[PDB]
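All remarks here apply to the structure that follows.
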Amino acid sequence: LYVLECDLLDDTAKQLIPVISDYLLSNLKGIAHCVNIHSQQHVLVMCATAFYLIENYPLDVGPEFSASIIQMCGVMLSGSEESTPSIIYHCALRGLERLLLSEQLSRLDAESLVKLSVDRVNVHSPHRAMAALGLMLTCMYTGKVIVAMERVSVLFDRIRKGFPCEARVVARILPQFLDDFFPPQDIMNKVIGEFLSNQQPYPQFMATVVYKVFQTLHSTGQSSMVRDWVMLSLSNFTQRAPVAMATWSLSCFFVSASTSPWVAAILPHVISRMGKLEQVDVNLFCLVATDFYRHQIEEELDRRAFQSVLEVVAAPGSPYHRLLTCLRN
Amino acid sequence: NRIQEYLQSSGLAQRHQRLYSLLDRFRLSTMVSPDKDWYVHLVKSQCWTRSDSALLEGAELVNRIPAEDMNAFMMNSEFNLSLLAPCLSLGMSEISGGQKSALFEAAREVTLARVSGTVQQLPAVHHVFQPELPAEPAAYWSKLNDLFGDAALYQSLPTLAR
Amino acid sequence: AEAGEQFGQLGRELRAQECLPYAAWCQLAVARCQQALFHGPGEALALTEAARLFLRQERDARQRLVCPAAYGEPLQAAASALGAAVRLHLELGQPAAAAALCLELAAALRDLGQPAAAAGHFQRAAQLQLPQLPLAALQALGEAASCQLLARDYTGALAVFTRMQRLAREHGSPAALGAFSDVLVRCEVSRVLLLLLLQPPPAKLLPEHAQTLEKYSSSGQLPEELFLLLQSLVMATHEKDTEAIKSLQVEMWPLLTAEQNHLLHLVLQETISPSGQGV
């Protein structure tokens, strides 16, 4: 590693690089699936020098070597939690991530490993999945709806079948991720659709996602586009599991779509009290509803659709019913 | 009536609603614009308490009040001192982004203000803390026993050390 | 033959003057001589001695005198020799001896500050022992779970604890046989704490974890006070009453091991201050 680092190795020393490359391949194939059996520090070293050779000496090693080694450590990543120690998994993944992030990799080899990124997102261990989330994130930020539809889908799944720490991270990076790879109308059914559902363990994490996606629309010349979508999905919000959950999701939906400075800034409060149906909760729900209605509704005749939808499930003591009483006058 | 009053006077009625409903059912058988001032009052309901369930959210709520009002908000008593660590943690997170944190600057000037405040209550002369027999001086050790033995004071120390 | 004895007394003399790297080298030489003699037991003993000498070298360089210039150099040689010895043992049978060598390597790695590799080697030893010595395999898996908790691999630790509980129930029975009862108690408490910490969603919630959580909402083999405190802890974490977890954490401190005390502290910490938010 020292010798080939920056020394302008003379073209006579082109008889050394193949020897290292031959040793690299001849000693990685016999361990590429049983890494745990063999020495950790050793295999770490071949990966380190192999990654440097591709990044810095692409012509000196044949394109087969660059290809043969990406698949070589691809099977290392595709191993189980026992067949590949977490040390080796993260080293190869970050090493591959650097190799793609540096344009020295060939086009055939670059697209050879972007496929490997999506496979390793779905693993049990949060850190192996979160690390593989990074590799896929760079693999798709380097290339730039035909395929990005799949990638955003496997992001919403991790929020659904992931631990709260794992899911909170994905929920935090979604608002920028959606703002980058899709136009707002292309991905807008999913964000509301994944927000409220029965297969959503953390709708409180998705509450911020709809908020940031709405706010990044309200302040970027789409203050009326969000008005169409809240009206469109209000009927969907009307039918949602328990009544308290339905109002809570509805209350935080108006918060996410409210342009008032002091209403758009109380989202953590409603997220904090989740599933509560106290007097303050309905009072907050009515207040945010009318402030979306009275202040920033579309027009005078569009209120009929708003008045029609919420009247459907009006009950004697329902929070919806109290909203009519305030909204009527 | 006393049983009903006691349940409502405490959190047990909220914790056990079914029992309270049954007791009350037995009892009857016997025969505004959302302005800045509204926001401040709302966060005042959540950030002036002793609840530690939601501090990450409480930090964000206090993060949005005007910078000029931040100092009087935290300096004022009945403010959850457990929020100071989230307040500094969140305020630093946007300093690391390059911005100027009104929250972090207003929070660190509160932490040091309280740290200095609780030092004034310490004895003027400090003796080596002897775990075995802290009783050779009389006034000094008695000055710590009623200091470290105060729930309002002892609880305030780790919640300020954080 | 005679060369092996010569290398043996060379290694003995070198260890007498405590130049133990060369003693381990001589042990490797006598192991090679045993290879030439096709004597499997003697070669395994020689490789074990060489590995032990290298491990003592690394311990001195890292534990006795903490040398920052040490980069785990004799540890690599120790691991290579131990792997060769394990391979020889397995090729001549005796999986118990190979599992013992793997346990030795895992203990060495755990003391040297590499919990992940230690847990991996502990799991390998348990797998080697499981078909014949289920209790030894359970102990090795317990060491692996402790190492994984050291490496902050909480989900891996939960998986290992669940595997140990399954193995103890299916091997130590219905009531446990005492030697498996303590293993089951440790499994139960550690799994409950890890499930309160991780809080798996319904997708990740395996039937075993769901059943265990159901049990805490009667006491199989846990002491009644500990079982009641664990039930209170589960209810509090499902209720988000931080004062309750604080009081319990104070109360259950003497009844839990240091590992379980750490797990309960992690549960409390993730309750007040959730991780993953970035702040």
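Proteins come first, then strands; the chains are lettered A, B, ... in the order of their sequence lines, and each starts at number 1.
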Exceeds 12 heavy-atom contacts within 6.0 angstrom, atom CG of B:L19: yes

Please name all residues satisfying side chain to side chain donor-acceptor pair (under 3.5 Å) with B:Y39, sequence neighbours left out, ordered by chain then number. none

So, do B:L56 and C:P274 sit near enough that their side-chain heavy atoms are less than 4.5 Å apart? yes

Donor-acceptor contacts, no H, no angles, side chain residues 64-71 of chain B, under 3.5 Å, sequence neighbours left out:
| from | atom 1 | to | atom 2 | distance (Å) |
| --- | --- | --- | --- | --- |
| B:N71 | ND2 | B:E109 | OE2 | 2.3 |

Within residues 113-142 of chain B, contacts to chain C at heavy-atom distances under 4.5 Å involve none

At a 3.5 Å cut-off, give me the donor-acceptor pairs between chain B and chain C, one pair per line with the distance.
| from | atom 1 | to | atom 2 | distance (Å) |
| --- | --- | --- | --- | --- |
| B:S53 | OG | C:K240 | O | 3.1 |

